[PDB]
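Cβ placement follows ideal geometry from the backbone for every residue including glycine, while neighbour counts extend to all protein chains displayed. Quick note: the coordinates plus some simple rules give every number you see, no bench work behind them.
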Amino acid sequence: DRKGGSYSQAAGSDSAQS
Amino acid sequence: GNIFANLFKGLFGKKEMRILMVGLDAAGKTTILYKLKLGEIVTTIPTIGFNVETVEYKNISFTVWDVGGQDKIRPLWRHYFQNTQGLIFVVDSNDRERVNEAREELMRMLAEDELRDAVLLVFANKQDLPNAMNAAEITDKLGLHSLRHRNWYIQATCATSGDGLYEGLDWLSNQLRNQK
Amino acid sequence: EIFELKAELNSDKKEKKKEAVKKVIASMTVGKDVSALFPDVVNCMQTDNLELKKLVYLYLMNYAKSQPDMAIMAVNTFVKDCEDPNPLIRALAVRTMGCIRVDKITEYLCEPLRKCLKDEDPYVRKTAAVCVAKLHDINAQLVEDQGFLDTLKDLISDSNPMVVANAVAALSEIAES
Amino acid sequence: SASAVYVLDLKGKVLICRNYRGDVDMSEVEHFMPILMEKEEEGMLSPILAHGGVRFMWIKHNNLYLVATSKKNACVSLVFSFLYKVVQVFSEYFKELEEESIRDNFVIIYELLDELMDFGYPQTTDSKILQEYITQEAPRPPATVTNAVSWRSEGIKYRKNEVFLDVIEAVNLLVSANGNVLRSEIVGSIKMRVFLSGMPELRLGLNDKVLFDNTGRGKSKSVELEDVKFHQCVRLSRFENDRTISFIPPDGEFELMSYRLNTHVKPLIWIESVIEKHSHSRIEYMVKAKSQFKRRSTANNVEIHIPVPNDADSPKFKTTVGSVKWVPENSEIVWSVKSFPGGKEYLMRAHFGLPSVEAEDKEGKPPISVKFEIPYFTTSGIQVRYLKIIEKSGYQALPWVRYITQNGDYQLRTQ
Ligand SMILES: Nc1nc2c(ncn2[C@@H]2O[C@H](COP(=O)(O)OP(=O)(O)OP(=O)(O)O)[C@@H](O)[C@H]2O)c(=O)[nH]1
Ligand SMILES: [Mg+2]
């Protein structure tokens, strides 16, 4: 773990925007 | 103390030697240095400063510091005389007007107590036209026989042809190195 | 001290020459007048090591105004270094040529400046533009005679966009004065 | 257009100087110290000094003043930017900013200074590019500087492509002594530590209010940053055209975007201060802190600094949650809290005596500031949509990012 918010996975783009 | 390391170094060759490049401007000093180091007639501009290089022959690395014969560079020849063991003089056999200037410069350089252990080394430059003098006329004009306590040898070298450079190098090596 | 440093600089050992150069640089940075040793370091200037060349150039630049007469023995070295294959060496030589505040030094550097004006390397082009701007600031008449205004103007419409920006800044500085 | 940039010391000794134009004599630096001393003693000291017709602009460094003497009317902003770039390069190359490294890396320092700028015009400013050509322990200049892409070095190879992002939030609240917040602005910070193979071009996508409105999705929680500053690698053309955040990520930690907008929400921590100071008899510290943040968010390492009396001594603390320590150097008591869950209410009761002799001069009322830092909290509500990582060779990236909320200019005016 790490202080200041755990790292989270990010997407590649907005899949709902086509 | 022990001299085993010195003997081991001298068994395969350790002596290097030194040399100087002096003479009148445009007398083939830079061309002679290029031929001695590289071996080709390389065209260069006037020697505003100086040319520093080293030549390896017969297991001796005789570094040659070419110095131009210009008025602004003639007084700078004393800077290169420090820590210098050899001196090579480039004569202009095709430049009769500059012959007197070259002789005066050589006499002034030889009249210094610092440059006393260096043997005379005059190269008969401009050995490409019939107007060039022989190995005795140039020496007589320069008065090489009147230099007491100076080992001077007359050698004719042509920048375009390159002949005579080996003889001058051998004479300089014999004058400096006196071993088997 | 001074005698020992001069003896070390007048030697043929690369490590000793480097140590002497470092000591001279430290003394100069600490506030020591090392300009009297500039003629001694003139002989130990043409060195293969890049670190020693930079220190020698810095000493000459800092000892050029102090000893303008002793700076006349560096035109040949600068000319030789201006054709170095390494772009870093050429850029350093161009910067040192323009940084030398010698009236008679920039006159003989016009040919190297013209040669480096058309340098293909963007860093080389930027260095040439900076040297041209420095020469124009030192001598506007010399810059005009050398015709560097046309080269500076054409540098803007070329590649090396950082080089183009350097040339544009140099042209603006010339026009500013 | 500074004539020469030099690095000074705390005692006035110049650690290192390098003239760029030669139009300013190096002896003008000596007069800079007396001028600075006179200005400080009279309150007229300014970072941009003026020695006659030559201006000696100086920046207060960690141990020495970065004095950049100038002669003509050079670009002050350009000089400041060059000084900041030089400071950043020195910090990257040398981890310590003091006299220890100034005189220890002079051989490489001189080369770096020479390569950085020539004739007063900076040329090299990339830390990675400078380190790839100038090292303290030389080849030709890298083609990255000559090429257009000077912020993403080509040919980088890594075993794995992992990028660590950091959603840094700065909660600045300016609460006056009357109890009303005057300056309440939150400045975002999108810093990503990209460590991959090659020179991928990041395709940034987030839940931006402007982007949502343009795409027709302006109905969900969208972050409306009043001021958004892109990084050097970020292309401004795409952002101006359609808000497309397309740029080559840097090799390492870099700041891609930095949001900056006003905050109209209640403060995450509500602090009520009471000063029951007797007339040279005793002092009362009725400090009550209320956590306005969500209960699911805990403020880690919260340090609410309460300025105590300058001459106060023998203080007694009567608090409920959080240890209170009085630092004589700071002349204040900081309400240090290890973990502060949202909605927590901490009450403190300070009590200390005062000297019989009254003070000769007033000391002022410094504002009370807290050092709360609650991570994993998104107060602004801006959610990142996706990060378009595209490489010519083709690889599967696994970027990571963490949202961190801290207290910035959260100062409360004293009574
Ligand atoms: N064509 C030709 N020229 C020669 C010959 N021997 C000497 N020279 C002259 O020698 C000069 C060589 O010039 P550099 O290479 O610059 O060296 P330098 O003799 O020291 O001349 P400076 O640099 O001006 O001091 C040429 O300019 C020629 O005029 C020769 O055999 N043939
Ligand atoms: Mg020559």
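Assorted remarks:
- Restricting the search to strands (runs of 3 or more DSSP E) fully inside segment D:178-286 and requiring at least 2 residues that are at negative phi and surrounded by fewer than 16 Cβ atoms within 10 Å (Cβ to Cβ) gives D:181-195, D:227-230, D:252-262.
- The combined condition, being within 14 Å of another protein chain (Cβ to nearest Cβ), of a type outside the set (A, V, I, L, M, F, W, C) and within 26 Å of the chain's Cα centre (by Cα), is not fulfilled by D:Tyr386.
- Taken as a whole, the condition of being out of contact with any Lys or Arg (no Cβ under 9 Å at 6 or more places or on another chain), on the phi < 0 side of the Ramachandran plot and polar (S, T, N, Q) does not apply to C:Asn86.
- Residue within segment C:3-17 that is out of contact with any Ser or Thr (no Cβ under 9 Å at 6 or more places or on another chain), more than 14 Å from chain B (Cβ to nearest Cβ) and within 24 Å of B:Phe81 (Cα to Cα) present: yes
- Residue match in segment B:134-149 (condition: surrounded by fewer than 21 Cβ atoms within 10 Å (Cβ to Cβ), away from every other protein chain (no Cβ under 14 Å) and touching a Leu at 6+ places or on another chain (Cβ under 7 Å)): yes
- Here segment B:75-95 is the region considered, the condition is being within 9 Å of ligand 1 (Cβ to nearest atom) and under 15 Å from the mean Cα position of the chain (by Cα), and the residue that is farthest from the other protein chains (Cβ to nearest Cβ) is B:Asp92.
- Scan segment C:41-96 for residues that are within 16 Å of C:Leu9 (Cα to Cα) and surrounded by fewer than 21 Cβ atoms within 10 Å (Cβ to Cβ) and the total you get is 8.
- Segment C:106-139, residues that are among the basic types (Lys, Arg) and more than 13 Å from chain D (Cβ to nearest Cβ): C:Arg114, C:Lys115, C:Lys118
- Looking only at residues of segment D:27-55 that are outside any helix (DSSP H, G or I) and touching a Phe, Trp or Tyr at 6+ places or on another chain (Cβ under 8 Å), we find that the one that is surrounded by the most Cβ atoms within 10 Å (Cβ to Cβ) is D:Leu49.
- The one condition from (1) away from every other protein chain (no Cβ under 14 Å); (2) in a loop (DSSP other than H, G, I, E, B); (3) in contact with a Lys or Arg (Cβ under 8 Å, 6 or more places away or on another chain) that D:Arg21 does not meet is (1).
- Members of segment D:96-111 that are farther than 17 Å from D:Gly22 by Cα and either within 11 Å of another protein chain (Cβ to nearest Cβ) or not in a helix (DSSP H, G or I) (or both): D:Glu96, D:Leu97, D:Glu98, D:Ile102, D:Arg103, D:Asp104, D:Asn105, D:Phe106, D:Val107, D:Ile108, D:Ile109, D:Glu111
- With respect to (1) more than 15 Å from B:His79 (Cβ to Cβ); (2) within 12 Å of chain B (Cβ to nearest Cβ), the lone exception for C:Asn43 is condition (1).
- Single residue of B:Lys58, B:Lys15, B:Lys37, B:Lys72 found to be more than 10 Å from ligand 1 (Cβ to nearest atom) and closer than 23 Å to C:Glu107 by Cβ: B:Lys72
- Check on D:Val337, more than 21 Å from the chain's Cα centre (by Cα) and of a type outside the set (S, T, N, Q): yes
- Subset of segment B:20-42 [more than 11 Å from ligand 2 (Cβ to nearest atom) and either within 14 Å of chain C (Cβ to nearest Cβ) or surrounded by fewer than 20 Cβ atoms within 10 Å (Cβ to Cβ) (or both)]: B:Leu20, B:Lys37, B:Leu38, B:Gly39, B:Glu40, B:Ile41
- Among the conditions (1) closer than 17 Å to D:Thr124 by Cβ; (2) more than 10 Å from every other protein chain (Cβ to nearest Cβ), C:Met162 misses just one, which is (2).
- Matching residues, segment B:46-69, being within 11 Å of chain C (Cβ to nearest Cβ) and within 13 Å of ligand 2 (Cβ to nearest atom): B:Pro46, B:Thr47, B:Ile48, B:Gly49, B:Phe50, B:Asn51, B:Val52, B:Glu53, B:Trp65, B:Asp66, B:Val67, B:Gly68
- Unmet criterion (only one of (1) surrounded by fewer than 17 Cβ atoms within 10 Å (Cβ to Cβ); (2) in a loop (DSSP other than H, G, I, E, B); (3) within 14 Å of another protein chain (Cβ to nearest Cβ)) for D:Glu360: (3)
- The numbered conditions (1) closer than 27 Å to B:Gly13 by Cα; (2) more than 16 Å from ligand 1 (Cβ to nearest atom) are all true for B:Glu137 except (1).
- Any hit, segment B:96-108, residues being within 14 Å of ligand 2 (Cβ to nearest atom) and more than 13 Å from the chain's Cα centre (by Cα): no
- Subset of segment D:121-140 [in a helix (DSSP H, G or I) and either more than 10 Å from chain C (Cβ to nearest Cβ) or within 21 Å of D:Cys75 (Cβ to Cβ) (or both)]: D:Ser127, D:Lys128, D:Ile129, D:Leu130, D:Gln131, D:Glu132
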